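Quick look at my_file.pdb (PDB, C-alpha atoms):
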ATOM      1  CA  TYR A   1      14.048  17.104-102.733
ATOM      2  CA  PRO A   2      10.615  15.444-103.046
ATOM      3  CA  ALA A   3       7.529  15.784-100.843
ATOM      4  CA  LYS A   4       6.695  13.499 -97.930
ATOM      5  CA  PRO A   5       6.945  16.320 -95.321
ATOM      6  CA  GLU A   6       5.577  14.757 -92.119
ATOM      7  CA  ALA A   7       4.492  18.285 -91.366
ATOM      8  CA  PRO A   8       4.011  19.623 -87.834
ATOM      9  CA  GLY A   9       0.417  20.733 -87.036
ATOM     10  CA  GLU A  10      -1.065  21.113 -83.513
ATOM     11  CA  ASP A  11      -4.210  23.321 -83.598
ATOM     12  CA  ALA A  12      -6.207  20.117 -83.138
ATOM     13  CA  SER A  13      -3.588  17.389 -83.188
ATOM     14  CA  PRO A  14      -0.892  16.399 -85.737
ATOM     15  CA  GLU A  15      -3.560  17.378 -88.297
ATOM     16  CA  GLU A  16      -5.310  20.420 -86.808
ATOM     17  CA  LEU A  17      -7.229  20.968 -90.078
ATOM     18  CA  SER A  18      -7.246  17.605 -91.966
ATOM     19  CA  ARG A  19      -3.931  15.793 -91.737
ATOM     20  CA  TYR A  20      -2.490  19.326 -91.778
ATOM     21  CA  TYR A  21      -3.270  18.910 -95.435
ATOM     22  CA  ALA A  22      -3.010  22.697 -95.389
ATOM     23  CA  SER A  23       0.590  22.545 -94.207
ATOM     24  CA  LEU A  24       1.222  20.132 -97.137
ATOM     25  CA  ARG A  25       2.465  23.360 -98.782
ATOM     26  CA  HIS A  26       5.963  22.461 -97.530
ATOM     27  CA  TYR A  27       6.317  20.035-100.332
ATOM     28  CA  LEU A  28       6.908  22.219-103.405
ATOM     29  CA  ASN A  29       7.452  25.281-101.260
ATOM     30  CA  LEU A  30      10.155  23.643 -99.069
ATOM     31  CA  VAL A  31      11.684  21.158-101.517
ATOM     32  CA  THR A  32      10.820  23.188-104.612
ATOM     33  CA  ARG A  33      13.827  25.523-105.154
ATOM     34  CA  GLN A  34      14.907  27.121-101.863
ATOM     35  CA  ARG A  35      16.097  23.575-101.006
ATOM     36  CA  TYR A  36      16.083  22.294 -97.429
TER      37      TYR A  36
END

Here is a file; write its structure as structure tokens.
Amino acid sequence: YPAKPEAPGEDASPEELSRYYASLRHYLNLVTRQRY
């Protein structure tokens, strides 16, 4: 389970705070070990 999480976002748009770069977390905190 790699990254590439389209991520949600919405505070501003699909980025809210910079391509939801902040939400990027998902990646190794969504694919990391808990698995999808």

**Request:** In Å, rounded to a single decimal, give me how far atom CA of residue A:12 is from atom CA of residue A:27.
**Result:** 21.3 Å

**Asked** Counting all atoms listed in the file, what is within 8 Å of stretch 5-10 of chain A, bar same-chain residues fewer than 5 positions away, as number ranges by chain?
**Response** A: 15-16, 20, 23-24, 26-27

**Message:** One decimal, in Å: what's the spacing between atom CA of residue A:28 and atom CA of residue A:1?
**Reply:**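 Computing it gives 8.8 Å between the two atoms.
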
**Message:** Report, in Å with one decimal, the straight-line distance from atom CA of residue A:33 to atom CA of residue A:19.
**Reply:**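 Here the two named atoms are 24.3 Å from each other.
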
Taking all atoms of stretch 18-23 of chain A that the file lists and extending 5 Å past them on each side, where is the centre of the axis-aligned box and how long are its edges? Answer in Å to one decimal, as JSON.
{"center_x": -3.3, "center_y": 19.2, "center_z": -93.6, "size_x": 17.8, "size_y": 16.9, "size_z": 13.7}

Please, could N, CA, C and O atoms be added to stretch 13-36 of chain A and the result written as a PDB file, keeping the file's coordinate frame?
ATOM      1  N   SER A  13      -4.453  18.545 -83.504  1.00  0.00           N
ATOM      2  CA  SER A  13      -3.588  17.389 -83.188  1.00  0.00           C
ATOM      3  C   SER A  13      -2.449  17.438 -84.224  1.00  0.00           C
ATOM      4  O   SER A  13      -2.080  18.527 -84.614  1.00  0.00           O
ATOM      5  N   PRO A  14      -1.931  16.323 -84.709  1.00  0.00           N
ATOM      6  CA  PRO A  14      -0.892  16.399 -85.737  1.00  0.00           C
ATOM      7  C   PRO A  14      -1.557  16.738 -87.078  1.00  0.00           C
ATOM      8  O   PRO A  14      -0.927  16.736 -88.117  1.00  0.00           O
ATOM      9  N   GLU A  15      -2.842  17.035 -87.053  1.00  0.00           N
ATOM     10  CA  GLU A  15      -3.560  17.378 -88.297  1.00  0.00           C
ATOM     11  C   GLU A  15      -4.178  18.745 -88.212  1.00  0.00           C
ATOM     12  O   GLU A  15      -4.261  19.413 -89.203  1.00  0.00           O
ATOM     13  N   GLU A  16      -4.632  19.115 -87.048  1.00  0.00           N
ATOM     14  CA  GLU A  16      -5.310  20.420 -86.808  1.00  0.00           C
ATOM     15  C   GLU A  16      -6.466  20.644 -87.800  1.00  0.00           C
ATOM     16  O   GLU A  16      -7.612  20.766 -87.414  1.00  0.00           O
ATOM     17  N   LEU A  17      -6.171  20.725 -89.058  1.00  0.00           N
ATOM     18  CA  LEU A  17      -7.229  20.968 -90.078  1.00  0.00           C
ATOM     19  C   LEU A  17      -7.217  19.917 -91.209  1.00  0.00           C
ATOM     20  O   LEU A  17      -7.192  20.270 -92.367  1.00  0.00           O
ATOM     21  N   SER A  18      -7.238  18.643 -90.902  1.00  0.00           N
ATOM     22  CA  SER A  18      -7.246  17.605 -91.966  1.00  0.00           C
ATOM     23  C   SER A  18      -5.833  17.220 -92.293  1.00  0.00           C
ATOM     24  O   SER A  18      -5.228  17.769 -93.168  1.00  0.00           O
ATOM     25  N   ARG A  19      -5.326  16.270 -91.560  1.00  0.00           N
ATOM     26  CA  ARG A  19      -3.931  15.793 -91.737  1.00  0.00           C
ATOM     27  C   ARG A  19      -3.042  16.976 -92.110  1.00  0.00           C
ATOM     28  O   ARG A  19      -2.178  16.882 -92.960  1.00  0.00           O
ATOM     29  N   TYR A  20      -3.278  18.103 -91.480  1.00  0.00           N
ATOM     30  CA  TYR A  20      -2.490  19.326 -91.778  1.00  0.00           C
ATOM     31  C   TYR A  20      -2.339  19.421 -93.283  1.00  0.00           C
ATOM     32  O   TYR A  20      -1.413  19.978 -93.813  1.00  0.00           O
ATOM     33  N   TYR A  21      -3.284  18.888 -93.967  1.00  0.00           N
ATOM     34  CA  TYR A  21      -3.270  18.910 -95.435  1.00  0.00           C
ATOM     35  C   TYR A  21      -2.857  20.331 -95.861  1.00  0.00           C
ATOM     36  O   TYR A  21      -2.142  20.562 -96.825  1.00  0.00           O
ATOM     37  N   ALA A  22      -3.323  21.282 -95.103  1.00  0.00           N
ATOM     38  CA  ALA A  22      -3.010  22.697 -95.389  1.00  0.00           C
ATOM     39  C   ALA A  22      -1.504  22.882 -95.339  1.00  0.00           C
ATOM     40  O   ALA A  22      -0.915  23.463 -96.216  1.00  0.00           O
ATOM     41  N   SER A  23      -0.878  22.395 -94.313  1.00  0.00           N
ATOM     42  CA  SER A  23       0.590  22.545 -94.207  1.00  0.00           C
ATOM     43  C   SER A  23       1.277  21.831 -95.372  1.00  0.00           C
ATOM     44  O   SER A  23       2.383  22.167 -95.730  1.00  0.00           O
ATOM     45  N   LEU A  24       0.620  20.867 -95.975  1.00  0.00           N
ATOM     46  CA  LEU A  24       1.222  20.132 -97.137  1.00  0.00           C
ATOM     47  C   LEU A  24       2.075  21.081 -97.976  1.00  0.00           C
ATOM     48  O   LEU A  24       3.043  20.684 -98.593  1.00  0.00           O
ATOM     49  N   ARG A  25       1.704  22.330 -97.994  1.00  0.00           N
ATOM     50  CA  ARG A  25       2.465  23.360 -98.782  1.00  0.00           C
ATOM     51  C   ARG A  25       3.944  23.001 -98.820  1.00  0.00           C
ATOM     52  O   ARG A  25       4.561  22.935 -99.871  1.00  0.00           O
ATOM     53  N   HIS A  26       4.502  22.803 -97.658  1.00  0.00           N
ATOM     54  CA  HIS A  26       5.963  22.461 -97.530  1.00  0.00           C
ATOM     55  C   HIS A  26       6.478  21.857 -98.807  1.00  0.00           C
ATOM     56  O   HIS A  26       7.434  22.295 -99.400  1.00  0.00           O
ATOM     57  N   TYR A  27       5.873  20.790 -99.165  1.00  0.00           N
ATOM     58  CA  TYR A  27       6.317  20.035-100.332  1.00  0.00           C
ATOM     59  C   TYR A  27       6.986  20.894-101.409  1.00  0.00           C
ATOM     60  O   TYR A  27       8.189  20.998-101.449  1.00  0.00           O
ATOM     61  N   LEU A  28       6.245  21.453-102.325  1.00  0.00           N
ATOM     62  CA  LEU A  28       6.908  22.219-103.405  1.00  0.00           C
ATOM     63  C   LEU A  28       7.084  23.680-103.019  1.00  0.00           C
ATOM     64  O   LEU A  28       7.195  24.560-103.847  1.00  0.00           O
ATOM     65  N   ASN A  29       7.179  23.918-101.759  1.00  0.00           N
ATOM     66  CA  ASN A  29       7.452  25.281-101.260  1.00  0.00           C
ATOM     67  C   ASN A  29       8.534  25.146-100.161  1.00  0.00           C
ATOM     68  O   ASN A  29       8.867  26.080 -99.461  1.00  0.00           O
ATOM     69  N   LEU A  30       9.084  23.956-100.050  1.00  0.00           N
ATOM     70  CA  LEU A  30      10.155  23.643 -99.069  1.00  0.00           C
ATOM     71  C   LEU A  30      11.219  22.818 -99.807  1.00  0.00           C
ATOM     72  O   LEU A  30      12.393  22.882 -99.527  1.00  0.00           O
ATOM     73  N   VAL A  31      10.779  22.017-100.737  1.00  0.00           N
ATOM     74  CA  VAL A  31      11.684  21.158-101.517  1.00  0.00           C
ATOM     75  C   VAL A  31      11.840  21.775-102.909  1.00  0.00           C
ATOM     76  O   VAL A  31      12.798  21.548-103.620  1.00  0.00           O
ATOM     77  N   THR A  32      10.859  22.532-103.285  1.00  0.00           N
ATOM     78  CA  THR A  32      10.820  23.188-104.612  1.00  0.00           C
ATOM     79  C   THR A  32      12.193  23.740-105.035  1.00  0.00           C
ATOM     80  O   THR A  32      12.943  23.073-105.719  1.00  0.00           O
ATOM     81  N   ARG A  33      12.519  24.963-104.691  1.00  0.00           N
ATOM     82  CA  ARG A  33      13.827  25.523-105.154  1.00  0.00           C
ATOM     83  C   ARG A  33      14.679  26.022-103.986  1.00  0.00           C
ATOM     84  O   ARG A  33      15.889  25.903-104.007  1.00  0.00           O
ATOM     85  N   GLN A  34      14.085  26.605-102.982  1.00  0.00           N
ATOM     86  CA  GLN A  34      14.907  27.121-101.863  1.00  0.00           C
ATOM     87  C   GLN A  34      15.689  25.967-101.216  1.00  0.00           C
ATOM     88  O   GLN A  34      16.589  26.179-100.427  1.00  0.00           O
ATOM     89  N   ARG A  35      15.365  24.744-101.568  1.00  0.00           N
ATOM     90  CA  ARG A  35      16.097  23.575-101.006  1.00  0.00           C
ATOM     91  C   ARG A  35      15.994  23.558 -99.484  1.00  0.00           C
ATOM     92  O   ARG A  35      15.791  24.572 -98.847  1.00  0.00           O
ATOM     93  N   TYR A  36      16.151  22.404 -98.902  1.00  0.00           N
ATOM     94  CA  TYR A  36      16.083  22.294 -97.429  1.00  0.00           C
ATOM     95  C   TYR A  36      17.067  23.279 -96.814  1.00  0.00           C
ATOM     96  O   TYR A  36      16.680  24.254 -96.203  1.00  0.00           O
TER      97      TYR A  36
END
